[PDB]
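This report refers to the structure that appears directly beneath it.
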Amino acid sequence: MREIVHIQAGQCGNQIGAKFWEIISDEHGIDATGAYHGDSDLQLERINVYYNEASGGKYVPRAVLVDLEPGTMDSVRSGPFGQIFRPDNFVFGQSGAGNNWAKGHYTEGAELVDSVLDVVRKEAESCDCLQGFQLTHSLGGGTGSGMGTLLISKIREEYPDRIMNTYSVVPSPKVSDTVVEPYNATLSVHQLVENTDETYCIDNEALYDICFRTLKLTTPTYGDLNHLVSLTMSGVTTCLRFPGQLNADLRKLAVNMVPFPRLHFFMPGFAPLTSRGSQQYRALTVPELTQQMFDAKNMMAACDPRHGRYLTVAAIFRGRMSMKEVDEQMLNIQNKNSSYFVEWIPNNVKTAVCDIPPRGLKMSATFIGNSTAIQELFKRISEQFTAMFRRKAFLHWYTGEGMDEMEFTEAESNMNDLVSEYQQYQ
Amino acid sequence: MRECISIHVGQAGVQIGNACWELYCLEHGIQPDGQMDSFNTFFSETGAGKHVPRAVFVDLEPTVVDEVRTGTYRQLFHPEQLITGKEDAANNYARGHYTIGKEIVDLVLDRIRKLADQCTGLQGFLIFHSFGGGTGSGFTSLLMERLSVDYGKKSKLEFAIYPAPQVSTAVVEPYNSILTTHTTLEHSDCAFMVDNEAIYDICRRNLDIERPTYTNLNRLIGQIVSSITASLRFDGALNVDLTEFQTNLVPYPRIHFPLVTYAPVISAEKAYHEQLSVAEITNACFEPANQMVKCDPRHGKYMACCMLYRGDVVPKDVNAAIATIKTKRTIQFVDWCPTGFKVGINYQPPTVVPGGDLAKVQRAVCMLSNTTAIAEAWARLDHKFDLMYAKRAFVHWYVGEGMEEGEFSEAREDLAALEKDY
Amino acid sequence: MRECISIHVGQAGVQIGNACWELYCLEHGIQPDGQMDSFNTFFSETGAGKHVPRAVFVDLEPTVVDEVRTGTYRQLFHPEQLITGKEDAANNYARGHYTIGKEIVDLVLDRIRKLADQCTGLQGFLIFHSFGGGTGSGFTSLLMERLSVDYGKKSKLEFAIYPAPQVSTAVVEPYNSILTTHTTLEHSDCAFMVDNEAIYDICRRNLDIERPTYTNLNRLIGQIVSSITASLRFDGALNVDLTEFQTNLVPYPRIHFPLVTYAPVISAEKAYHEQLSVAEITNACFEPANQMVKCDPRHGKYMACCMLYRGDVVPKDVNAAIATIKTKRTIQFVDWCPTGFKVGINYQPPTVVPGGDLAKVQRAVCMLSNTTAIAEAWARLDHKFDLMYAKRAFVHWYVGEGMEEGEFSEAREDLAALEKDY
Ligand SMILES: Nc1nc2c(ncn2[C@@H]2O[C@H](COP(=O)(O)OP(=O)(O)OP(=O)(O)O)[C@@H](O)[C@H]2O)c(=O)[nH]1
Ligand SMILES: Nc1nc2c(ncn2[C@@H]2O[C@H](COP(=O)(O)OP(=O)(O)OP(=O)(O)O)[C@@H](O)[C@H]2O)c(=O)[nH]1
Ligand SMILES: Nc1nc2c(ncn2[C@@H]2O[C@H](COP(=O)(O)OP(=O)(O)OP(O)(O)=S)[C@@H](O)[C@H]2O)c(=O)[nH]1
């Protein structure tokens, strides 16, 4: 029931999806091979949403692995929990777009679109009812963005009624890892305003600073980023996967977060996040989390909501507490953060609770909010695009793949209209 | 001999129906399978020592129905009266009213019609649902008009979970609430209150339950419906029918939205600390905070007051207490409604559950009126609707179900006319 | 004793006529050859145990006529009533109206005139065609004015396959539709709806036929015409004539375009799941989606409503159901037309086919009215015509048949005046 098919693009996307899958194996009591060992019926009652009916009392993730190179392929398969995936879900290229959107979308994507559509259709038909999709990729990378755009386009033209979310990784503003990454973000967003119902923006430097300061780690790594990503993962999907006094699903969140079809970018959230010698001393209560719900420190996608205005807030909780405390806390949050909040969307806090807490924590809290802070990020991206497109630098790589000038012109015009609409809302 | 039909739509409706049937089963001694003549108002005699509820469980999502069909009361309920959906409206009135409701309304209409066929003494219909839930708004409304057109003037009672002013599961709750209220207004014979926040506050301060759960709410509904239906399920000094309930509180079809309140809500340790006398329990229940409605009734005028005493309650004490209630100026009434008092006395004491918040008591009273304070909540909801629809937000969701904004607007003006009719 | 004449033009018209004659033959027990007095309204007594249809099959292309003359019903139909063309108009109104229609209109006029000669009780004419088809537009129109000028005030009924707003076999369909509508407007006594997309949707959701075929459409027309003609072909409590149909729905000659709807369309397995009572079937049929027209009638006002019950239907139940239909506010009527209700009761149950989508039932009702929602479709067609003629596209095709653009323009303004006459 309400089956969700996972598709992962790029090396970062593949690592994120894998880490998710081990986290789901923890949450649902699944070992490294696939056998179930959970101590409660709640883990295994709704295992079919992310697993399929496997013979011998086994379960395999409903995942699709896509890449243009088998290097991360082999590392993921040979890594932990690599035997839980059938070899068929691993489909890879042999060239690699080299961080180019046009190459991965047209040149090498031409011979991978058939495979990805075949596997996603097999996953959809082999299941009872596909509630929606979830994709992970990086907009900074060129190939991963191209696979994301191609898959969202094909899903929209194939399943226009089935909603989804895309967990794209926007490149960090502070670091220019790829010279042609502004093109990648440009084209990915131009396709996202058009083929995606809602999108969460995940920015690198914000999670980097969180791991550095909030978690108090001197050696941040991709592992902690994937861990927090998997926490966001579980926080969003626990309402559908696990029983709750206030049951919710991705459709509820999409209805509660999208006021306009083009206004669908939101910035996810997780809490509490404390270290060993603070957790045993911190208050394990709701106020310690509500002071952590709204802050630029434990903040996800690097643009401060204080400068802008929140559109609406969604809060999911997992633990043992009553509901009225949450309601009064949300009311106090409005009362004190009225200036930072929007005046014409009263009671803009979406409140739901999943009964089952995650493994190892008796609360986790996932802050799903939307603010006009992403306007700054989009405007900076647009001005950067104008800056190095005025010089017409690095255009040859794209024009060699069948590109054109005014195409990029309407792309930048689309982001201009999007940022203008967001400013008008502000 | 006579019967009644209870209708449960949505998660809240299904849970409410399950709790009410739990009450009706434990009150009459029904084991989870159905064994050991007033109990025939809700159960049917077939075979040997058998009873089944006269109810239909329907929801666009099969989660709550699956939960019901996994309890120890699987044998209690017929399997065929449980209806499982596939596409939940997800707090969308239009979705559950057109997209999924229209193709599954037929079987339910159809077989509640048989439930009426074998119940020739059908007193009325009981409907339990939630405004906030898209299913509990849309499907409930459409089946309400279907009931009206397939039964004519048959009495129908509605129990709706109105979202609280500051408690809303969905932000799109004003759309569903306004749409369902405008749609079923002409046919809603009588619709009540449920304020979740008021329930939580009363449970935390009266029952002193710092950590309550929706089970408390479930019998909050269960005890209310039990007190209402005690007259039909048990004899008394002056029994009250469903028809008289709408006769007293609907002189005009526009205003048929009375609020409900119970007395008392006291735990066993506090029940040791207080025994009930008529004057104290009535004056406590008439107190605005004791009401499970988050609207102070003293803001406006009072329409009518109905007392539902159950147990060993003296009618003379009832009259004296009600009179001394009248004289005090905290209670005011409309000029053209001087005598709007109806009293229903029953000899059946209220029934307790093992492990429940309520304490087992030989007497109780049910607080039944239609205050003007409901206009405050209606005006606040209309104002929120105006604010959040002024920029036309979340409208495209209802557009994708295939209608334009017009019907939203004239529903808004219809409810505004209802509000200013006071 | 009396008779009627059915006219079939184009592929759609020929198929519709064949299906209707299949109905009339299986209802009266006619074997494919013509053997085993109300059946004389459509068949003629000559010789011994003989009947032939009173119809003319004509098309500019001989494909459909060849298909008809290859079925097992070759012996059923006279060969001489089948007319084969040579040059199909190919969705061109002017082509089939001038180039090929003018030299083959003579034999058909001429020998339908004999069909009237031996039918002294000619009640009226039945015309089946398609607006989209160039033949079914042009030839049908020209023979319509020829009927008008050769018969005067004789009643004539038209069954036209109007192309749907999003379903169009030809892109040049607005030209043919506007031209034929302007040409035959003054003489069209009564023209109905056919929406192919609405038929498909209803078949897929009501009959639950995921893969229907034009046979379903063929009896969709067949059951409609059977319900219409049951009064003429079978006695009843209050039979209705063709003249009264145009008398009730044409107080003004400009508006004579009523929509049609049937109730119910239910398969045998679903017929087990629902038996018909008057209130439920009428209120289901009045539902906009049950209408086979892709125009919501609640957008505008209602002209008049005509009921055609067939079978064991009680007139008192009819009156009660129709009244409770009136009271509800989902149904509205024009101020100057308060009493526009005519009811026709027949004792003949609707007839079934072996292997057909419809289920064999003893009772049925035909939904007959002229809603204002047809103005929406007319305005949309006029807007599409304005858009696709603004740059003057596909006009040269009609020019090669020898006229200039003027007549196109004044047909557009004539239909605009028709649209604004509402
Ligand atoms: N008082 C009370 N209300 C409840 C309870 N359970 C659910 N509700 C109501 O249900 C609402 C949540 O939405 P639902 O009615 O469950 O919606 P749904 O069942 O998912 O149906 P759709 O929205 O159409 O998908 C809340 O606002 C509550 O008011 C309960 O146990 N007690
Ligand atoms: N409802 C229905 N409509 C049909 C059917 N068969 C054909 N049609 C109509 O016929 C149209 C196709 O064009 P035709 O009417 O067949 O044109 P034609 O017979 O080739 O005549 P010319 O265009 O003049 O050559 C479609 O738009 C349909 O509306 C049928 O079985 N059912
Ligand atoms: N949080 C997180 N970010 C990662 C991880 N791996 C890579 N990234 C980020 O992703 C960005 C590069 O995206 P990537 O997916 O590697 O591009 P690509 O187009 O797929 O690269 P290629 O296959 O063409 S060679 C870098 O900025 C890097 O910081 C990871 O494991 N966790």
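Each chain in the structure tokens gets a letter, A, B and so on, in the order shown; residues start at 1 in every chain, and ligands are counted from 1 in the order they appear.
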Worksheet entry | Given 6 Å and only C-alpha atoms and all ligand atoms, residues near ligand 1 as a VMD selection string | chain B and resid 10 to 12 88 to 92 130 132 to 136 161 163 168 to 169 196 214 217 to 218
Item to complete: Check every residue of chain B for an atom within 12 Å of chain C, counting only C-alpha atoms, and provide those that qualify as a PyMOL selection string.
Response: chain B and resi 98-100+102-111+113-114+145-153+183+186-187+402-404+406-407
Practice prompt. Kindly work out which residues sit at most 7 Å from ligand 3, using only C-alpha atoms and all ligand atoms, and give the list as a ChimeraX atom specification.
Written response: /A:10-13,15-16,68-69,96-100,137-138,140-144,171,177,204,222-223,225-226
Discussion item. With only C-alpha atoms as the counted atoms, please give the residues lying no more than 10 Å from residue 341 of chain A, apart from itself and same-chain residues fewer than 4 positions off, as a count of residues only.
Written reply: 17
Item to complete: Give as a ChimeraX atom specification every residue of chain A that touches chain B within 8 Å, counting only C-alpha atoms.
Response: /A:245-246,251-252,255-256,258-260,321-322,324,327,331,344-352
Discussion item. So that I can see what lies close to residue 34 of chain B, please list as a PyMOL selection string the residues with an atom at most 8 Å from it, counting only C-alpha atoms and leaving out residues fewer than 2 positions away in the same chain.
Written reply: chain B and resi 30-32+36+49-52+75-76
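Close contacts of residue 335 of chain B, defined as residues with an atom at most 12 Å away when counting only C-alpha atoms, with chain neighbours fewer than 4 positions off set aside, comprise residues 301, 302, 303, 304, 339 and 340 of chain B.
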Worksheet item: Do you know which residues are at most 9 Å from residue 258 of chain B counting only C-alpha atoms, after dropping those on the same chain fewer than 4 positions away, and could you put them as number ranges by chain?
Response: B: 190-193, 249, 303, 368-371, 374
Expected file contents, prior selection, N, CA and C atoms, as an mmCIF file, in the first residue's frame:
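Below is the file out.cif, written as the result:
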data_model
loop_
_atom_site.group_PDB
_atom_site.id
_atom_site.type_symbol
_atom_site.label_atom_id
_atom_site.label_comp_id
_atom_site.auth_asym_id
_atom_site.auth_seq_id
_atom_site.Cartn_x
_atom_site.Cartn_y
_atom_site.Cartn_z
ATOM 1 N N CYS B 190 -29.590 18.871 12.797
ATOM 2 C CA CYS B 190 -28.989 19.271 14.066
ATOM 3 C C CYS B 190 -27.526 18.859 14.058
ATOM 4 N N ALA B 191 -26.627 19.826 14.227
ATOM 5 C CA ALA B 191 -25.189 19.575 14.252
ATOM 6 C C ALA B 191 -24.603 20.121 15.549
ATOM 7 N N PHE B 192 -23.666 19.403 16.152
ATOM 8 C CA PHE B 192 -23.168 19.785 17.467
ATOM 9 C C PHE B 192 -21.759 20.404 17.412
ATOM 10 N N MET B 193 -21.253 20.739 18.562
ATOM 11 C CA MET B 193 -19.835 20.900 18.885
ATOM 12 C C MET B 193 -18.936 19.765 19.336
ATOM 13 N N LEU B 249 -35.304 23.111 19.200
ATOM 14 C CA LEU B 249 -34.161 23.961 18.896
ATOM 15 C C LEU B 249 -34.104 24.403 17.437
ATOM 16 N N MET B 303 -30.615 30.550 23.409
ATOM 17 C CA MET B 303 -31.775 30.111 22.627
ATOM 18 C C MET B 303 -32.762 29.321 23.493
ATOM 19 N N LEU B 368 -27.495 20.909 27.211
ATOM 20 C CA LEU B 368 -27.911 20.867 25.827
ATOM 21 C C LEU B 368 -28.525 22.223 25.496
ATOM 22 N N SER B 369 -27.861 23.008 24.641
ATOM 23 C CA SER B 369 -28.395 24.315 24.269
ATOM 24 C C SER B 369 -27.743 24.799 22.981
ATOM 25 N N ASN B 370 -28.225 25.945 22.499
ATOM 26 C CA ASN B 370 -27.705 26.602 21.296
ATOM 27 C C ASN B 370 -27.451 28.072 21.628
ATOM 28 N N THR B 371 -26.257 28.367 22.130
ATOM 29 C CA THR B 371 -25.949 29.733 22.516
ATOM 30 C C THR B 371 -25.547 30.562 21.297
ATOM 31 N N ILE B 374 -21.728 30.714 19.324
ATOM 32 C CA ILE B 374 -21.326 30.011 18.109
ATOM 33 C C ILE B 374 -21.135 30.998 16.966
#
Can you list, as a tab-separated table (two decimals) with C-alpha atoms, in the first residue's frame, every residue of segment 332-366 of chain A that DSSP puts in helix (DSSP H, G or I)?
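Saved the output as states04.tsv:
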chain	number	residue	atom	x	y	z
A	332	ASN	CA	3.66	31.10	21.61
A	333	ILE	CA	5.93	30.68	18.62
A	334	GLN	CA	3.46	32.85	16.70
A	335	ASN	CA	3.15	35.29	19.51
A	336	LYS	CA	6.88	35.96	19.75
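Picture a line from atom 14 (P, counted along the ligand's line) of ligand 2 to atom CA of residue 414 of chain C; it runs 25.2 Å.
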Any idea what's packed within 8 Å of segment 79-82 of chain C, counting only C-alpha atoms, ignoring anything in its chain fewer than 5 positions away? Could you give it as an mmCIF file with N, CA, C and O atoms, in the first residue's frame?
data_model
loop_
_atom_site.group_PDB
_atom_site.id
_atom_site.type_symbol
_atom_site.label_atom_id
_atom_site.label_comp_id
_atom_site.auth_asym_id
_atom_site.auth_seq_id
_atom_site.Cartn_x
_atom_site.Cartn_y
_atom_site.Cartn_z
ATOM 1 N N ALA C 55 -36.715 3.285 -44.123
ATOM 2 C CA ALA C 55 -35.507 4.079 -43.970
ATOM 3 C C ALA C 55 -34.780 4.194 -45.299
ATOM 4 O O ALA C 55 -35.012 3.419 -46.229
ATOM 5 N N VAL C 56 -33.895 5.184 -45.375
ATOM 6 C CA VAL C 56 -33.017 5.390 -46.520
ATOM 7 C C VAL C 56 -31.594 5.517 -46.002
ATOM 8 O O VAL C 56 -31.319 6.348 -45.128
ATOM 9 N N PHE C 57 -30.694 4.696 -46.534
ATOM 10 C CA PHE C 57 -29.285 4.717 -46.168
ATOM 11 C C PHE C 57 -28.503 5.360 -47.305
ATOM 12 O O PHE C 57 -28.400 4.784 -48.393
ATOM 13 N N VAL C 58 -27.952 6.543 -47.051
ATOM 14 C CA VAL C 58 -27.239 7.305 -48.069
ATOM 15 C C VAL C 58 -25.958 7.863 -47.465
ATOM 16 O O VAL C 58 -25.945 8.329 -46.320
ATOM 17 N N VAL C 65 -22.129 1.645 -46.381
ATOM 18 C CA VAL C 65 -23.228 0.958 -47.049
ATOM 19 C C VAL C 65 -22.813 -0.457 -47.435
ATOM 20 O O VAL C 65 -23.601 -1.404 -47.321
ATOM 21 N N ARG C 69 -24.529 -3.908 -46.189
ATOM 22 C CA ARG C 69 -25.005 -4.921 -47.122
ATOM 23 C C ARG C 69 -24.148 -6.182 -47.122
ATOM 24 O O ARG C 69 -24.268 -6.987 -48.051
ATOM 25 N N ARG C 74 -28.863 -8.604 -44.587
ATOM 26 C CA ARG C 74 -29.094 -8.249 -45.985
ATOM 27 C C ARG C 74 -30.537 -8.531 -46.392
ATOM 28 O O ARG C 74 -31.161 -7.746 -47.117
#
Discussion item. Let me make sure I understand: among B:361, B:411, B:144, B:418, which one has the smallest atom-to-atom distance to residue 174 of chain B if we use only C-alpha atoms?
Written reply: B:411
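Going from atom CA of residue 85 of chain A to atom CA of residue 60 of chain A covers 6.1 Å.
Interatomic distance, atom CA of residue 367 of chain A to atom CA of residue 292 of chain A: 9.5 Å.
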Worksheet item: Can you list every residue in segment 188-276 of chain A that DSSP puts in strand (DSSP E), as a ChimeraX atom specification?
Response: /A:198-200,202-203,265-266
Could you save the residues just selected, with N, CA and C atoms, as a PDB file, in the first residue's frame?
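Now in again.pdb:
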ATOM      1  N   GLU A 198       6.784  19.446  -5.512  1.00  0.00           N
ATOM      2  CA  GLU A 198       7.439  20.186  -4.441  1.00  0.00           C
ATOM      3  C   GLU A 198       8.879  19.711  -4.321  1.00  0.00           C
ATOM      4  N   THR A 199       9.735  20.600  -3.823  1.00  0.00           N
ATOM      5  CA  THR A 199      11.167  20.353  -3.741  1.00  0.00           C
ATOM      6  C   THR A 199      11.700  20.866  -2.412  1.00  0.00           C
ATOM      7  N   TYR A 200      12.576  20.083  -1.786  1.00  0.00           N
ATOM      8  CA  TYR A 200      13.329  20.531  -0.622  1.00  0.00           C
ATOM      9  C   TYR A 200      14.736  20.915  -1.058  1.00  0.00           C
ATOM     10  N   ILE A 202      18.477  21.472  -0.170  1.00  0.00           N
ATOM     11  CA  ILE A 202      19.490  21.072   0.800  1.00  0.00           C
ATOM     12  C   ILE A 202      20.808  21.719   0.394  1.00  0.00           C
ATOM     13  N   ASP A 203      21.322  22.600   1.248  1.00  0.00           N
ATOM     14  CA  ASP A 203      22.547  23.338   0.979  1.00  0.00           C
ATOM     15  C   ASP A 203      23.676  22.775   1.829  1.00  0.00           C
ATOM     16  N   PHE A 265       9.268  25.435  -3.063  1.00  0.00           N
ATOM     17  CA  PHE A 265      10.609  25.155  -2.538  1.00  0.00           C
ATOM     18  C   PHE A 265      10.670  25.475  -1.028  1.00  0.00           C
ATOM     19  N   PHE A 266      11.152  24.507  -0.193  1.00  0.00           N
ATOM     20  CA  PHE A 266      11.051  24.453   1.278  1.00  0.00           C
ATOM     21  C   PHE A 266      12.336  23.839   1.855  1.00  0.00           C
TER      22      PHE A 266
END
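With only C-alpha atoms and all ligand atoms as the atoms that count, the residue of C:262, C:333, C:131, C:73 with the shortest distance to ligand 2 is C:131.
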